[PDB]
file coords.cif (mmCIF, N, CA and C atoms and all ligand atoms)
data_protein
#
loop_
_atom_site.label_atom_id
_atom_site.label_comp_id
_atom_site.auth_asym_id
_atom_site.auth_seq_id
_atom_site.Cartn_x
_atom_site.Cartn_y
_atom_site.Cartn_z
N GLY A 21 143.99 136.86 125.06
CA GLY A 21 142.70 136.15 125.20
C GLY A 21 142.45 135.70 126.62
N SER A 22 141.27 135.15 126.87
CA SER A 22 140.92 134.68 128.20
C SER A 22 140.09 133.40 128.10
N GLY A 23 140.40 132.60 127.09
CA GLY A 23 139.67 131.36 126.88
C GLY A 23 139.56 131.02 125.42
N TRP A 24 138.38 130.57 125.01
CA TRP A 24 138.16 130.18 123.62
C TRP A 24 137.91 131.41 122.76
N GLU A 25 138.78 131.63 121.79
CA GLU A 25 138.63 132.73 120.85
C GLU A 25 138.17 132.20 119.50
N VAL A 26 136.86 132.10 119.33
CA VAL A 26 136.28 131.63 118.09
C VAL A 26 135.02 132.43 117.75
N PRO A 27 134.96 133.00 116.53
CA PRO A 27 133.83 133.81 116.11
C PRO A 27 132.58 132.97 115.87
N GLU A 28 131.46 133.47 116.40
CA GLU A 28 130.18 132.76 116.35
C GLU A 28 129.78 132.42 114.92
N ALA A 29 130.19 133.26 113.98
CA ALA A 29 129.89 133.05 112.57
C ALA A 29 130.53 131.76 112.08
N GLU A 30 131.79 131.53 112.46
CA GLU A 30 132.52 130.36 112.00
C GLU A 30 132.09 129.12 112.77
N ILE A 31 131.49 129.35 113.93
CA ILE A 31 130.93 128.27 114.72
C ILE A 31 129.77 127.62 113.98
N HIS A 32 129.04 128.44 113.22
CA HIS A 32 127.90 127.96 112.46
C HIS A 32 128.32 127.53 111.05
N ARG A 33 129.62 127.60 110.78
CA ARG A 33 130.15 127.15 109.50
C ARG A 33 130.35 125.64 109.52
N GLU A 34 129.28 124.90 109.29
CA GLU A 34 129.33 123.44 109.29
C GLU A 34 130.25 122.95 108.18
N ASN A 35 131.27 122.20 108.58
CA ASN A 35 132.27 121.66 107.66
C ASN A 35 131.59 120.97 106.48
N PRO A 36 131.82 121.45 105.25
CA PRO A 36 131.21 120.86 104.07
C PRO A 36 131.93 119.59 103.64
N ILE A 37 131.89 118.60 104.51
CA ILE A 37 132.41 117.28 104.23
C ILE A 37 131.48 116.26 104.88
N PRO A 38 130.86 115.37 104.10
CA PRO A 38 129.95 114.36 104.65
C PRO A 38 130.67 113.35 105.54
N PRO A 39 130.27 113.26 106.83
CA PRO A 39 130.85 112.30 107.78
C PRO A 39 130.63 110.86 107.34
N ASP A 40 131.69 110.23 106.87
CA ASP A 40 131.60 108.88 106.32
C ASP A 40 133.00 108.31 106.17
N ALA A 41 133.21 107.51 105.14
CA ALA A 41 134.47 106.81 104.90
C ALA A 41 135.67 107.75 104.95
N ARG A 42 135.68 108.80 104.13
CA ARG A 42 136.87 109.65 104.03
C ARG A 42 137.09 110.42 105.33
N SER A 43 136.01 110.89 105.93
CA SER A 43 136.10 111.69 107.13
C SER A 43 136.59 110.87 108.30
N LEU A 44 136.04 109.68 108.42
CA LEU A 44 136.31 108.82 109.54
C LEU A 44 137.61 108.05 109.37
N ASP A 45 137.87 107.58 108.16
CA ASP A 45 139.07 106.80 107.88
C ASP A 45 140.30 107.70 107.87
N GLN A 46 140.24 108.73 107.04
CA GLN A 46 141.34 109.66 106.90
C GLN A 46 141.47 110.52 108.15
N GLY A 47 140.33 110.88 108.73
CA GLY A 47 140.33 111.66 109.95
C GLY A 47 141.02 110.93 111.07
N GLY A 48 140.86 109.61 111.11
CA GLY A 48 141.54 108.80 112.11
C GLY A 48 143.05 108.87 111.97
N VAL A 49 143.51 109.02 110.73
CA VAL A 49 144.94 109.08 110.46
C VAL A 49 145.51 110.39 110.97
N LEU A 50 144.86 111.49 110.61
CA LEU A 50 145.27 112.81 111.07
C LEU A 50 145.14 112.92 112.59
N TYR A 51 144.17 112.19 113.14
CA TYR A 51 143.92 112.19 114.57
C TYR A 51 145.04 111.47 115.30
N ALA A 52 145.40 110.29 114.81
CA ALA A 52 146.45 109.48 115.41
C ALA A 52 147.82 110.11 115.15
N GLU A 53 147.87 110.97 114.16
CA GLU A 53 149.10 111.66 113.80
C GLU A 53 149.40 112.79 114.79
N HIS A 54 148.35 113.44 115.28
CA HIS A 54 148.53 114.63 116.12
C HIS A 54 147.77 114.52 117.44
N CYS A 55 146.46 114.34 117.33
CA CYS A 55 145.54 114.57 118.44
C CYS A 55 145.70 113.56 119.57
N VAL A 56 146.05 112.32 119.22
CA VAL A 56 146.11 111.24 120.20
C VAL A 56 147.15 111.47 121.29
N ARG A 57 148.15 112.30 121.02
CA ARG A 57 149.21 112.54 122.00
C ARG A 57 148.68 113.34 123.18
N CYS A 58 147.53 113.97 123.02
CA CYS A 58 146.93 114.72 124.11
C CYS A 58 145.49 114.27 124.38
N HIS A 59 144.71 114.08 123.32
CA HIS A 59 143.31 113.72 123.47
C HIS A 59 143.13 112.20 123.55
N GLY A 60 144.17 111.47 123.18
CA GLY A 60 144.15 110.03 123.31
C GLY A 60 143.43 109.34 122.17
N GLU A 61 143.44 108.02 122.19
CA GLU A 61 142.80 107.23 121.14
C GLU A 61 141.30 107.11 121.37
N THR A 62 140.86 107.23 122.62
CA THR A 62 139.44 107.07 122.93
C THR A 62 138.78 108.42 123.19
N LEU A 63 139.48 109.49 122.81
CA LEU A 63 138.96 110.86 122.90
C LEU A 63 138.69 111.26 124.36
N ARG A 64 139.38 110.62 125.29
CA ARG A 64 139.17 110.88 126.71
C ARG A 64 140.39 111.55 127.35
N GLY A 65 141.37 111.90 126.53
CA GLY A 65 142.58 112.50 127.06
C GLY A 65 143.59 111.45 127.44
N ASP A 66 143.72 110.44 126.60
CA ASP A 66 144.59 109.30 126.88
C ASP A 66 146.01 109.59 126.42
N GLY A 67 146.22 110.81 125.97
CA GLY A 67 147.50 111.21 125.44
C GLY A 67 148.59 111.22 126.49
N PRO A 68 149.76 110.66 126.18
CA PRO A 68 150.91 110.67 127.10
C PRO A 68 151.44 112.08 127.33
N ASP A 69 151.31 112.93 126.32
CA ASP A 69 151.80 114.30 126.40
C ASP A 69 150.78 115.19 127.11
N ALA A 70 149.62 114.62 127.40
CA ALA A 70 148.54 115.35 128.06
C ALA A 70 148.81 115.52 129.55
N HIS A 71 149.95 115.02 130.01
CA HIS A 71 150.30 115.11 131.42
C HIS A 71 151.43 116.09 131.63
N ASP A 72 151.85 116.75 130.56
CA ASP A 72 152.93 117.72 130.66
C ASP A 72 152.47 119.08 130.14
N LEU A 73 151.16 119.25 130.03
CA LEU A 73 150.60 120.50 129.58
C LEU A 73 149.88 121.21 130.72
N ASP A 74 149.29 122.35 130.43
CA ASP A 74 148.65 123.14 131.47
C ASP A 74 147.12 123.02 131.43
N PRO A 75 146.45 123.46 130.34
CA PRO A 75 144.99 123.37 130.25
C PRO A 75 144.52 121.94 130.06
N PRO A 76 143.28 121.66 130.48
CA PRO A 76 142.69 120.33 130.37
C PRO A 76 142.40 119.96 128.92
N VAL A 77 142.77 118.75 128.53
CA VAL A 77 142.59 118.30 127.16
C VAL A 77 141.13 117.98 126.87
N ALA A 78 140.34 117.89 127.94
CA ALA A 78 138.89 117.72 127.85
C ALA A 78 138.50 116.34 127.32
N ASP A 79 137.33 115.89 127.74
CA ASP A 79 136.77 114.65 127.25
C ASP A 79 136.01 114.92 125.97
N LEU A 80 136.68 114.76 124.84
CA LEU A 80 136.09 115.07 123.54
C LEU A 80 134.81 114.28 123.31
N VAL A 81 134.76 113.08 123.86
CA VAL A 81 133.57 112.23 123.75
C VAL A 81 132.32 112.99 124.20
N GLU A 82 132.44 113.71 125.30
CA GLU A 82 131.33 114.47 125.83
C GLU A 82 131.29 115.88 125.25
N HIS A 83 132.46 116.43 124.97
CA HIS A 83 132.57 117.82 124.51
C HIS A 83 132.10 117.98 123.07
N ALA A 84 132.47 117.05 122.21
CA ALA A 84 132.22 117.18 120.77
C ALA A 84 130.72 117.31 120.43
N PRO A 85 129.83 116.46 120.99
CA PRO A 85 128.39 116.55 120.71
C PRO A 85 127.79 117.88 121.15
N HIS A 86 128.43 118.54 122.12
CA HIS A 86 127.92 119.80 122.64
C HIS A 86 128.51 120.98 121.88
N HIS A 87 129.49 120.71 121.04
CA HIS A 87 130.13 121.75 120.25
C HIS A 87 129.73 121.63 118.79
N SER A 88 130.00 122.67 118.01
CA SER A 88 129.62 122.68 116.61
C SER A 88 130.82 122.35 115.72
N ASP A 89 130.55 121.92 114.49
CA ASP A 89 131.60 121.52 113.56
C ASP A 89 132.62 122.63 113.36
N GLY A 90 132.12 123.83 113.05
CA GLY A 90 133.00 124.95 112.78
C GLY A 90 133.81 125.36 114.00
N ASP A 91 133.18 125.28 115.17
CA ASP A 91 133.85 125.61 116.42
C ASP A 91 135.06 124.71 116.65
N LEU A 92 134.84 123.41 116.53
CA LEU A 92 135.91 122.44 116.72
C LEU A 92 136.96 122.57 115.62
N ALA A 93 136.49 122.82 114.41
CA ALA A 93 137.37 122.96 113.25
C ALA A 93 138.31 124.15 113.42
N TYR A 94 137.75 125.28 113.81
CA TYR A 94 138.51 126.51 113.98
C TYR A 94 139.60 126.33 115.05
N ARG A 95 139.30 125.55 116.07
CA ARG A 95 140.24 125.33 117.17
C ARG A 95 141.42 124.47 116.72
N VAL A 96 141.17 123.55 115.80
CA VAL A 96 142.25 122.77 115.23
C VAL A 96 143.03 123.62 114.24
N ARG A 97 142.33 124.56 113.64
CA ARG A 97 142.88 125.42 112.61
C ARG A 97 143.83 126.46 113.20
N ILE A 98 143.40 127.13 114.26
CA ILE A 98 144.17 128.22 114.85
C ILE A 98 144.86 127.79 116.15
N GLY A 99 144.35 126.74 116.77
CA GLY A 99 144.96 126.23 117.97
C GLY A 99 144.05 126.35 119.17
N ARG A 100 144.39 125.65 120.24
CA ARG A 100 143.55 125.61 121.42
C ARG A 100 144.38 125.22 122.64
N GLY A 101 145.12 126.17 123.17
CA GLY A 101 145.94 125.91 124.33
C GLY A 101 147.34 125.45 123.96
N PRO A 102 147.71 124.19 124.29
CA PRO A 102 149.03 123.66 124.02
C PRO A 102 149.13 123.00 122.65
N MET A 103 148.03 123.02 121.91
CA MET A 103 148.00 122.49 120.56
C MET A 103 148.12 123.62 119.55
N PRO A 104 149.12 123.55 118.67
CA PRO A 104 149.34 124.57 117.64
C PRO A 104 148.28 124.51 116.55
N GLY A 105 148.04 125.65 115.91
CA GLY A 105 147.08 125.69 114.82
C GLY A 105 147.57 124.93 113.62
N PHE A 106 146.82 123.93 113.21
CA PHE A 106 147.22 123.06 112.11
C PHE A 106 146.67 123.56 110.79
N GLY A 107 146.07 124.75 110.80
CA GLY A 107 145.46 125.29 109.60
C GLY A 107 146.47 125.74 108.56
N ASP A 108 147.72 125.84 108.96
CA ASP A 108 148.78 126.25 108.04
C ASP A 108 149.51 125.03 107.49
N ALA A 109 149.45 123.93 108.22
CA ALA A 109 150.09 122.69 107.80
C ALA A 109 149.10 121.76 107.12
N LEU A 110 147.90 121.69 107.68
CA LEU A 110 146.83 120.86 107.15
C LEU A 110 145.86 121.71 106.35
N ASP A 111 145.11 121.09 105.47
CA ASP A 111 144.13 121.80 104.67
C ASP A 111 142.74 121.62 105.26
N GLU A 112 141.74 122.21 104.63
CA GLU A 112 140.37 122.09 105.11
C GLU A 112 139.96 120.64 105.23
N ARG A 113 140.26 119.86 104.19
CA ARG A 113 139.90 118.45 104.17
C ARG A 113 140.45 117.72 105.40
N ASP A 114 141.67 118.05 105.79
CA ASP A 114 142.31 117.37 106.91
C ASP A 114 141.57 117.67 108.20
N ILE A 115 141.32 118.96 108.43
CA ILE A 115 140.70 119.41 109.67
C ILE A 115 139.21 119.09 109.70
N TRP A 116 138.55 119.21 108.55
CA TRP A 116 137.12 118.96 108.46
C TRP A 116 136.82 117.50 108.78
N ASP A 117 137.64 116.62 108.22
CA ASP A 117 137.50 115.19 108.47
C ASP A 117 137.84 114.86 109.92
N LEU A 118 138.80 115.59 110.48
CA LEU A 118 139.14 115.45 111.89
C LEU A 118 137.92 115.67 112.77
N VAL A 119 137.21 116.76 112.51
CA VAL A 119 136.03 117.10 113.28
C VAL A 119 134.93 116.06 113.09
N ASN A 120 134.77 115.57 111.87
CA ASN A 120 133.76 114.55 111.59
C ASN A 120 134.09 113.27 112.34
N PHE A 121 135.36 112.90 112.33
CA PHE A 121 135.84 111.75 113.08
C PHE A 121 135.56 111.93 114.57
N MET A 122 135.91 113.11 115.08
CA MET A 122 135.69 113.43 116.48
C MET A 122 134.21 113.40 116.84
N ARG A 123 133.40 114.06 116.02
CA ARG A 123 131.96 114.12 116.25
C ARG A 123 131.34 112.73 116.24
N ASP A 124 131.67 111.95 115.21
CA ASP A 124 131.09 110.63 115.03
C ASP A 124 131.41 109.70 116.19
N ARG A 125 132.69 109.63 116.55
CA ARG A 125 133.12 108.75 117.63
C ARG A 125 132.54 109.19 118.96
N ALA A 126 132.56 110.50 119.21
CA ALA A 126 132.06 111.05 120.46
C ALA A 126 130.57 110.76 120.63
N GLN A 127 129.79 111.07 119.60
CA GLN A 127 128.36 110.84 119.65
C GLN A 127 128.05 109.35 119.70
N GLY A 128 128.86 108.56 119.00
CA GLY A 128 128.68 107.12 119.02
C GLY A 128 128.91 106.53 120.39
N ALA A 129 129.88 107.07 121.11
CA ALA A 129 130.20 106.60 122.45
C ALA A 129 129.23 107.17 123.49
N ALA A 130 128.61 108.28 123.15
CA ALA A 130 127.65 108.93 124.04
C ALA A 130 126.27 108.30 123.90
N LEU A 131 125.85 108.05 122.67
CA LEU A 131 124.53 107.50 122.41
C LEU A 131 124.54 105.97 122.48
N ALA A 132 125.23 105.34 121.54
CA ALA A 132 125.26 103.89 121.46
C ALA A 132 125.93 103.28 122.68
N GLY A 133 125.24 102.34 123.31
CA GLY A 133 125.76 101.70 124.50
C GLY A 133 125.14 102.27 125.76
N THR A 134 124.58 103.46 125.65
CA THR A 134 123.97 104.12 126.78
C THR A 134 122.45 103.94 126.74
N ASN A 135 121.91 103.30 127.78
CA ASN A 135 120.48 103.04 127.85
C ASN A 135 119.76 104.18 128.57
N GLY A 136 120.52 104.95 129.33
CA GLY A 136 119.96 106.09 130.02
C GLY A 136 120.15 107.37 129.24
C1 LIG B 1 148.20 118.64 123.43
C2 LIG B 1 149.44 119.42 123.00
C3 LIG B 1 147.11 118.66 122.40
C4 LIG B 1 147.15 118.12 121.16
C5 LIG B 1 148.31 117.43 120.52
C6 LIG B 1 145.86 118.36 120.57
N1 LIG B 1 145.02 119.04 121.43
FE1 LIG B 1 143.17 119.61 121.12
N2 LIG B 1 143.13 120.43 122.90
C7 LIG B 1 144.12 120.45 123.85
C8 LIG B 1 143.70 121.16 125.03
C9 LIG B 1 144.49 121.35 126.29
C10 LIG B 1 142.44 121.60 124.80
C11 LIG B 1 141.61 122.45 125.70
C12 LIG B 1 142.22 123.84 125.93
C13 LIG B 1 141.13 124.90 125.94
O1 LIG B 1 141.42 126.06 125.59
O2 LIG B 1 139.98 124.57 126.32
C14 LIG B 1 142.09 121.14 123.48
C15 LIG B 1 140.86 121.34 122.90
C16 LIG B 1 140.49 120.88 121.66
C17 LIG B 1 139.19 121.09 121.08
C18 LIG B 1 138.04 121.80 121.70
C19 LIG B 1 137.29 120.92 122.71
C20 LIG B 1 136.61 121.80 123.76
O3 LIG B 1 137.23 122.79 124.20
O4 LIG B 1 135.45 121.51 124.12
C21 LIG B 1 139.22 120.49 119.86
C22 LIG B 1 138.11 120.45 118.86
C23 LIG B 1 140.53 119.92 119.71
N3 LIG B 1 141.32 120.16 120.82
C24 LIG B 1 140.95 119.22 118.60
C25 LIG B 1 142.20 118.68 118.43
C26 LIG B 1 142.61 117.97 117.25
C27 LIG B 1 141.78 117.67 116.04
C28 LIG B 1 143.90 117.61 117.45
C29 LIG B 1 144.76 116.81 116.52
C30 LIG B 1 144.99 117.50 115.17
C31 LIG B 1 144.27 118.11 118.75
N4 LIG B 1 143.21 118.77 119.35
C32 LIG B 1 145.50 117.93 119.32
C33 LIG B 1 145.36 119.89 123.69
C34 LIG B 1 145.79 119.23 122.56
#
call {"tool": "encode", "arguments": {"input": "coords.cif", "output": "structure tokens"}}
result
Amino acid sequence: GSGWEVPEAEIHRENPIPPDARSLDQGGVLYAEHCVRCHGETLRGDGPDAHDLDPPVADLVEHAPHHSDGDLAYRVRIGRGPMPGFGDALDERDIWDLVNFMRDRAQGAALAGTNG
């Protein structure tokens, strides 16, 4: 590969899980279980292990609103650089809620609080 390997079809596959209690609460658990070590708690790359990798962990806060549910989901599923694909360990519910958590927090930090 030479970057992001994700099929456009699955990019438009919006995770069939309503962003709410289960997505955000449970998603936070799966997030703090795995993602925080590189993407951090504030989705800004606050991860301690994010300093011993090669590719940029990216500012999910800004990245997530610009990306689609399926796109982000597939990357957690199959992997994205130094992060292994969790699609074999985690189920759809785990990853789908992860994306909802990511999307919600990112958009919340992008929109709410910003007057410009
Ligand atoms: C360090 C080993 C990581 C852990 C742990 C997790 N992620 Fe990650 N992620 C990492 C990198 C270096 C990158 C970018 C590499 C690239 O090819 O661009 C990413 C990217 C993502 C993305 C896509 C964001 C974007 O490219 O705009 C998503 C959606 C993502 N990561 C999700 C994610 C989740 C849910 C994790 C916990 C289960 C997680 N990552 C852990 C590095 C690392």
call {"tool": "residues_near_ligand", "arguments": {"input": "coords.cif", "ligand": "ligand LIG 1 (chain B)", "cutoff": "5 Å", "atoms": "only N, CA and C atoms and all ligand atoms", "output": "JSON, numbers by chain"}}
result
{"A": [54, 55, 57, 58, 75, 76, 77, 83, 92, 100, 101, 102, 103]}
call {"tool": "closest_residue", "arguments": {"input": "coords.cif", "among": "A:49, A:98, A:70, A:115", "to": "residue A:35", "atoms": "all atoms listed in the file"}}
result
A:115
call {"tool": "atom_distance", "arguments": {"input": "coords.cif", "atom1": "atom CA of residue A:63", "atom2": "atom CA of residue A:44"}}
result
13.8 Å
call {"tool": "atom_distance", "arguments": {"input": "coords.cif", "atom1": "atom N of residue A:69", "atom2": "atom C of residue A:42"}}
result
25.5 Å
call {"tool": "closest_residue", "arguments": {"input": "coords.cif", "among": "A:128, A:31, A:25, A:120", "to": "residue A:43", "atoms": "only C-alpha atoms"}}
result
A:120
call {"tool": "residues_around", "arguments": {"input": "coords.cif", "residues": "residue A:79", "least_positions_apart": "6", "cutoff": "10 Å", "atoms": "only C-alpha atoms", "output": "number ranges by chain"}}
result
A: 59-60, 62-66, 126
call {"tool": "write_last_selection", "arguments": {"input": "coords.cif", "atoms": "N, CA and C atoms", "output": "PDB file, keeping the file's coordinate frame"}}
result
ATOM      1  N   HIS A  59     144.710 114.080 123.320  1.00  0.00           N
ATOM      2  CA  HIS A  59     143.310 113.720 123.470  1.00  0.00           C
ATOM      3  C   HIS A  59     143.130 112.200 123.550  1.00  0.00           C
ATOM      4  N   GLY A  60     144.170 111.470 123.180  1.00  0.00           N
ATOM      5  CA  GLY A  60     144.150 110.030 123.310  1.00  0.00           C
ATOM      6  C   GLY A  60     143.430 109.340 122.170  1.00  0.00           C
ATOM      7  N   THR A  62     140.860 107.230 122.620  1.00  0.00           N
ATOM      8  CA  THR A  62     139.440 107.070 122.930  1.00  0.00           C
ATOM      9  C   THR A  62     138.780 108.420 123.190  1.00  0.00           C
ATOM     10  N   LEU A  63     139.480 109.490 122.810  1.00  0.00           N
ATOM     11  CA  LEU A  63     138.960 110.860 122.900  1.00  0.00           C
ATOM     12  C   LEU A  63     138.690 111.260 124.360  1.00  0.00           C
ATOM     13  N   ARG A  64     139.380 110.620 125.290  1.00  0.00           N
ATOM     14  CA  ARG A  64     139.170 110.880 126.710  1.00  0.00           C
ATOM     15  C   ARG A  64     140.390 111.550 127.350  1.00  0.00           C
ATOM     16  N   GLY A  65     141.370 111.900 126.530  1.00  0.00           N
ATOM     17  CA  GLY A  65     142.580 112.500 127.060  1.00  0.00           C
ATOM     18  C   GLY A  65     143.590 111.450 127.440  1.00  0.00           C
ATOM     19  N   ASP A  66     143.720 110.440 126.600  1.00  0.00           N
ATOM     20  CA  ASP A  66     144.590 109.300 126.880  1.00  0.00           C
ATOM     21  C   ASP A  66     146.010 109.590 126.420  1.00  0.00           C
ATOM     22  N   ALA A 126     132.560 110.500 119.210  1.00  0.00           N
ATOM     23  CA  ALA A 126     132.060 111.050 120.460  1.00  0.00           C
ATOM     24  C   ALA A 126     130.570 110.760 120.630  1.00  0.00           C
TER      25      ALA A 126
END
call {"tool": "residues_around", "arguments": {"input": "coords.cif", "residues": "residue A:119", "least_positions_apart": "6", "cutoff": "7 Å", "atoms": "all atoms listed in the file", "output": "PDB file with N, CA and C atoms, in the frame of the given file"}}
result
ATOM      1  N   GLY A  47     140.330 110.880 108.730  1.00  0.00           N
ATOM      2  CA  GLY A  47     140.330 111.660 109.950  1.00  0.00           C
ATOM      3  C   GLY A  47     141.020 110.930 111.070  1.00  0.00           C
ATOM      4  N   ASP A  89     130.550 121.920 114.490  1.00  0.00           N
ATOM      5  CA  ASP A  89     131.600 121.520 113.560  1.00  0.00           C
ATOM      6  C   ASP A  89     132.620 122.630 113.360  1.00  0.00           C
ATOM      7  N   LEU A  92     134.840 123.410 116.530  1.00  0.00           N
ATOM      8  CA  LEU A  92     135.910 122.440 116.720  1.00  0.00           C
ATOM      9  C   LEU A  92     136.960 122.570 115.620  1.00  0.00           C
ATOM     10  N   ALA A  93     136.490 122.820 114.410  1.00  0.00           N
ATOM     11  CA  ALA A  93     137.370 122.960 113.250  1.00  0.00           C
ATOM     12  C   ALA A  93     138.310 124.150 113.420  1.00  0.00           C
TER      13      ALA A  93
END
call {"tool": "select_by_dssp", "arguments": {"input": "coords.cif", "residues": "chain A", "states": "alpha helix (DSSP H)", "output": "PyMOL selection string"}}
result
chain A and resi 28-31+41+47-53+80-86+89-98+112-131
call {"tool": "atom_distance", "arguments": {"input": "coords.cif", "atom1": "atom CA of residue A:90", "atom2": "atom CA of residue A:40"}}
result
17.4 Å
call {"tool": "closest_residue", "arguments": {"input": "coords.cif", "among": "A:107, A:134, A:27, A:123", "to": "residue A:87", "atoms": "only C-alpha atoms"}}
result
A:123
call {"tool": "closest_residue", "arguments": {"input": "coords.cif", "among": "A:125, A:113, A:68, A:108", "to": "residue A:82", "atoms": "all atoms listed in the file"}}
result
A:125
call {"tool": "closest_residue", "arguments": {"input": "coords.cif", "among": "A:53, A:122, A:21, A:105", "to": "residue A:67", "atoms": "only C-alpha atoms"}}
result
A:53
call {"tool": "closest_residue", "arguments": {"input": "coords.cif", "among": "A:117, A:50, A:38, A:127", "to": "residue A:81", "atoms": "only N, CA and C atoms"}}
result
A:127
call {"tool": "build_atoms", "arguments": {"input": "coords.cif", "residues": "stretch 25-37 of chain A", "atoms": "N, CA, C and O atoms", "output": "short mmCIF file (atom, residue, chain, number, x, y, z; two decimals), keeping the file's coordinate frame"}}
result
data_model
loop_
_atom_site.label_atom_id
_atom_site.label_comp_id
_atom_site.auth_asym_id
_atom_site.auth_seq_id
_atom_site.Cartn_x
_atom_site.Cartn_y
_atom_site.Cartn_z
N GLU A 25 138.78 131.63 121.79
CA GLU A 25 138.63 132.73 120.85
C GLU A 25 138.17 132.20 119.50
O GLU A 25 138.98 131.86 118.64
N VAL A 26 136.86 132.10 119.33
CA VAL A 26 136.28 131.63 118.09
C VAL A 26 135.02 132.43 117.75
O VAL A 26 134.12 132.57 118.57
N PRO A 27 134.96 133.00 116.53
CA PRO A 27 133.83 133.81 116.11
C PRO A 27 132.58 132.97 115.87
O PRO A 27 132.63 131.92 115.23
N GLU A 28 131.46 133.47 116.40
CA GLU A 28 130.18 132.76 116.35
C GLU A 28 129.78 132.42 114.92
O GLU A 28 129.13 131.41 114.67
N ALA A 29 130.19 133.26 113.98
CA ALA A 29 129.89 133.05 112.57
C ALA A 29 130.53 131.76 112.08
O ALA A 29 129.89 130.96 111.39
N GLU A 30 131.79 131.53 112.46
CA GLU A 30 132.52 130.36 112.00
C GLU A 30 132.09 129.12 112.77
O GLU A 30 132.27 128.00 112.32
N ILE A 31 131.49 129.35 113.93
CA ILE A 31 130.93 128.27 114.72
C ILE A 31 129.77 127.62 113.98
O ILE A 31 129.55 126.41 114.05
N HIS A 32 129.04 128.44 113.22
CA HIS A 32 127.90 127.96 112.46
C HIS A 32 128.32 127.53 111.05
O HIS A 32 127.49 127.13 110.24
N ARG A 33 129.62 127.60 110.78
CA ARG A 33 130.15 127.15 109.50
C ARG A 33 130.35 125.64 109.52
O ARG A 33 131.46 125.16 109.76
N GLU A 34 129.28 124.90 109.29
CA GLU A 34 129.33 123.44 109.29
C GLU A 34 130.25 122.95 108.18
O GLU A 34 130.04 123.25 107.01
N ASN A 35 131.27 122.20 108.58
CA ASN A 35 132.27 121.66 107.66
C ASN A 35 131.59 120.97 106.48
O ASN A 35 130.83 120.01 106.67
N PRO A 36 131.82 121.45 105.25
CA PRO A 36 131.21 120.86 104.07
C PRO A 36 131.93 119.59 103.64
O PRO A 36 132.48 119.52 102.54
N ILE A 37 131.89 118.60 104.51
CA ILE A 37 132.41 117.28 104.23
C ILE A 37 131.48 116.26 104.88
O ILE A 37 131.31 116.29 106.10
#
